[PDB]
Amino acid sequence: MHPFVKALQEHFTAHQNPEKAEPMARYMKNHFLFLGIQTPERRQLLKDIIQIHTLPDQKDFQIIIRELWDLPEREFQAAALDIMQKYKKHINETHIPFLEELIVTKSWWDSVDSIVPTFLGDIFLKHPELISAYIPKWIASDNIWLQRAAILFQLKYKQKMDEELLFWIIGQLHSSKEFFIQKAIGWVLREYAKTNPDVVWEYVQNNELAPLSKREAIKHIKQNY
DNA sequence: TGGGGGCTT
DNA sequence: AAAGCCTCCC
């Protein structure tokens, strides 16, 4: 409906590439249709539409992102995320519910990981009191993408990592049978190990986790122990 | 296991 | 912009 979205849809479509669509789609296990438009082209095409229509008012950004999210081809969600980054300064704690919706719709690692450690990680840093309003809820939801969100929001924290909170969240999900949860646990631990390898090594040796998670967690540090 | 064209700095 | 890195994938 929104002219900006429809313009973007027609522009993207005119520049699709079936030869690139196949491998891109297979990378995501065929959960999505792809136009076959990679990042440099996708951003240029977005740029073109912005040059013509200009970037919409901040009070419209959510409608545009939702309309893009509803379109079949994956690049439209990738473009929606490019757009959200442009409005980054206007995204705050009142947008958590909107972000939850994006996380649980058209869900896969590519969209969820693009939302969580950046947007949500920044938000909880700025609004510490909201962690208890969201994280326990996400863990208990049995929606694996919200559960992944609770694990990964601190991914980029480095020295800001709240270790007790991290290990609490992991402990809550350590028995999950979900592939993308075991992976998220391994990832956050592997990433945090670049800052504090000793504590991650100890945690992995001394606590219950899926073998998958243990392997992912220590893949870069095992050479040191 | 553990390293990879597409992506990033 | 030369070169390191990889969520994921296999």
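In what follows, chains carry the letters A, B, and so on, assigned in the order in which the sequence lines appear, proteins first and then strands, with residues in each chain numbered from 1.
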- prompt: Does the side chain of A:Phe61 come within less than 4.5 Å of A:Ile64's, by heavy atoms?
  reply: no
message: Would you measure the distance from the P atom in B:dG2 across to the matching atom in B:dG6 and give it in whole Å?
response: 26 Å
- prompt: A:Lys194 side chain N/O closer than 4.0 Å to the phosphate oxygens (OP1, OP2) of C:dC6?
  reply: yes
Pair partner, C:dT7 [Watson-Crick or wobble, under 3.5 Å]: none
Rounded distance (Å) that lies between atom P of B:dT8 and atom CD of A:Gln85: 11 Å
task: Nearest whole angstrom, please: distance from the P of B:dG6 to the CE of A:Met28.
output: 13 Å
query: Is there side-chain contact between A:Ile37 and A:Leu45, with at least one heavy-atom pair below 4.5 Å?
result: yes
query: Is there a side-chain contact between A:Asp113 and A:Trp187 (heavy atoms, below 4.5 Å)?
result: yes
- prompt: If you check every side-chain atom of A:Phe180, which of B:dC7, C:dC8, B:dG2 has the closest atom?
  reply: C:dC8
query: Does C:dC5 have its sugar in the north or the south range once you look at the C1'-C2'-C3'-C4' torsion?
result: south
task: Using the P atom as the reference point in each nucleotide, state the distance between B:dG5 and C:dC8 in Å, no decimals.
output: 22 Å
query: Can you tell me how far P of C:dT7 sits from CD of A:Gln182, to the nearest Å?
result: 17 Å
query: Looking at A:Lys183, does any N or O in its side chain come under 4.0 Å of the phosphate oxygens OP1/OP2 on C:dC6?
result: no
- prompt: For the residue pair A:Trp69 and A:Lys106, what are the closest heavy atoms and their distance?
  reply: O-NZ, 3.0 Å
message: By nearest atom, which of the nucleotides B:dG6, B:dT8, C:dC9 is closest to the A:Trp109 side chain?
response: C:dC9
Distance, rounded to the nearest Å, where A:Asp113 contributes CG and B:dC7 contributes P: 16 Å
- prompt: Do A:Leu165 and A:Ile96 belong to the same hydrophobic cluster, where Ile, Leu, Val, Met, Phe, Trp and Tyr are linked whenever their side-chain heavy atoms lie under 4.5 Å apart, directly or via other members?
  reply: yes
task: For A:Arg26 and for A:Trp187, find the nucleotide of DNA chain C with the closest heavy atom, then tell me which residue's nucleotide is more 5'.
output: A:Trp187
- line: Between CD1 of A:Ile181 and P of C:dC8 the distance, given in whole Å, is 11 Å
query: Looking only at side-chain N and O atoms, does A:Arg42 come under 4.0 Å of OP1 or OP2 in B:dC7?
result: no
- request: Examine the base of B:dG5 for any acceptor or donor lying under 3.5 Å from a partner atom in the side chain of A:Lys20, and report the outcome as yes or no.
  value: no
field: Between C:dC6 and C:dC10 - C1' atom distance, rounded Å
entry: 13 Å
field: Electrostatic pair A:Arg42-A:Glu75, nearest N-O below 4.0 angstrom
entry: no
message: If I take atom CD1 in residue A:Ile103 and atom P in nucleotide C:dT7, what distance separates them, rounded to the nearest angstrom?
response: 20 Å
message: Tell me the interatomic distance from A:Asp110, atom CG, to B:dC7, atom P, rounded to whole angstroms.
response: 12 Å
statement: Of the candidates C:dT7, B:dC7, C:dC6, the side chain of A:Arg190 sits closest to C:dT7
message: Pick the closest DNA chain B nucleotide for A:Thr39 and for A:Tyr27 by heavy atoms, then say which residue is nearer the 5' end.
response: A:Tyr27
